[PDB]
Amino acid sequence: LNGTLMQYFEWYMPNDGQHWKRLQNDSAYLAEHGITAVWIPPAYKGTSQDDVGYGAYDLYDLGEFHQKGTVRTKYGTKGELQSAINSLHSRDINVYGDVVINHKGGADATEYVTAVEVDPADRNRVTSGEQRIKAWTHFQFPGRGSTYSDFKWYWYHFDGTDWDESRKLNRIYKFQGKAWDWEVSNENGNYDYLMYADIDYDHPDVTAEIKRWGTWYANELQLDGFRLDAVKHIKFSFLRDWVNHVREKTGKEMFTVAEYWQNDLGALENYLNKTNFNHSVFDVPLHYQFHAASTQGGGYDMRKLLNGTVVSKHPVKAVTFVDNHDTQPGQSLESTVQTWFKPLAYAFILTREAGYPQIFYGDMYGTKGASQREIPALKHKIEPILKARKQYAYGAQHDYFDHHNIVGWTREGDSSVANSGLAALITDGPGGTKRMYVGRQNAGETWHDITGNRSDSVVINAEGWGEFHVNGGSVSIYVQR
């Protein structure tokens, strides 16, 4: 009954073309552990075979055409992906496709383009006269031809680029007659430009094409929803319209979550307001609180976890998470939740009633970067918490955020899920005890810590209270034996 997402990739997975097959093979395990949706990495051809998927060369090449030195994407072929999806669907696991429509990388050829430089800290400020540059803006798709779409891209479908091939130079170039799109993040004056060739969402052929591709992509992979990439950099009204368009065409709900990367609830609320609340956002501020708590050695005030997050104010529109492919060690938003704290963060997202929680592949199975700082596989510590969510985290919640270190919450259980109910404690410092109310309806039950961190049993008194224990820097989640 509780819904649980999984981001089914991390940055450093090996480029062996076996990921879709792995996902197919993991579908029974995922279903068994209560995963109800997976967010899959971008499924279309990037700038090379080892592209993680954000390069976005050809949105109509799902590992089907020999383009960029490969047929398969990093993850495998279209057919392998489709077989993975049909296995996931056979166990009622929904699939959300990653949508990378800010830009296009790896153009087939350059074009001579008139441009001006802009200031990278203030892209509204022009910093050169007009100059002739050689931009990677011509997309012909020679391996695909016109199969599925005859649409070709040229410089006038884009607002700019970050590379002039003639002078061999990295700056932000805005093309002649173009304007940065609005509304976008006001960071750096206007944050339309991010990388590669930036798509011009003022162009009516582009808006039409991307909407049409959206429907095609949904059909081709039988997607149940979307993860929207880089939404700070894409006209907000367009994103709103695109989501509405695909929903209208498919006739499906198409649950959507956007990645608006800002550690600021106000900025996220503005984005939600400008997209009419028609989709969810990742709870970026909550991720940063977990990171802060995990790095402050008990000095963090754990009461802070209740405030300043998307889940605290718009729980229906929050997708909560601990880490992702950008926050993992070595990556561009590095702010990793330290190993010791990571199960406590998972208890917070998985066993509390607010938010749509997401588990990270890198946390479950470890990350495969080349450092000695990789996330170890924490499957075995996360599994009991997943089970707590699947079987026990139902009914009315009571919060006990009344201490700098030891905080907890309870769930009374619901008569629709037999034996449901839980009492969770986490602490970023010394352990201890807390008396918490779990419901008079649970009076006399004997509860035990599903994580196995504590071996003691707790008998719920006549008044519906138990005395629950937690170890130092630990988590305990008590449920009925």
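Don't overthink the numbering: it's just position in the shown sequence, from 1.
Q: Would 302-310 or 253-261 have the larger average of its C-alpha temperature factors, as given in the entry?
A: Taking the mean C-alpha B-factor of 302-310 and of 253-261, the larger value falls to 302-310.
Q: Hey, which bit's got the bigger mean C-alpha B factor in the entry, 206-214 or 160-168?
A: On average, C-alpha B-factors are higher across 160-168.
Q: Just grab whichever of 124, 367, 289, 338 has the top CA B-factor as deposited.
A: Within the set 124, 367, 289, 338, 124 shows the top C-alpha B-factor.
Q: Going by the CA temperature factor in the entry, name the top one among 41, 63, 55, 432.
A: Max CA B-factor in the entry, restricted to 41, 63, 55, 432: 432.
Q: C-alpha B factor of residue 363, ranked within the chain: lowest, middle or highest third?
A: It belongs to the lowest third of the chain when residues are ordered by C-alpha B-factor.
Q: Per the entry's values, where does residue 317 land by CA temperature factor relative to the rest of its chain, in the lowest, middle or highest third?
A: CA B-factor rank for residue 317: middle third.
Q: Where does residue 470 sit by CA temperature factor within its chain: lowest, middle or highest third?
A: It belongs to the middle third of the chain when residues are ordered by C-alpha B-factor.
Q: Thinking about Cα B factors across the chain, which third does residue 461 belong to?
A: Tercile = highest for this residue's CA B-factor.
Q: Hey, what third does residue 106 fall into on Cα B-factor, ranked over its chain?
A: Its C-alpha B-factor belongs to the middle third of this chain's values.
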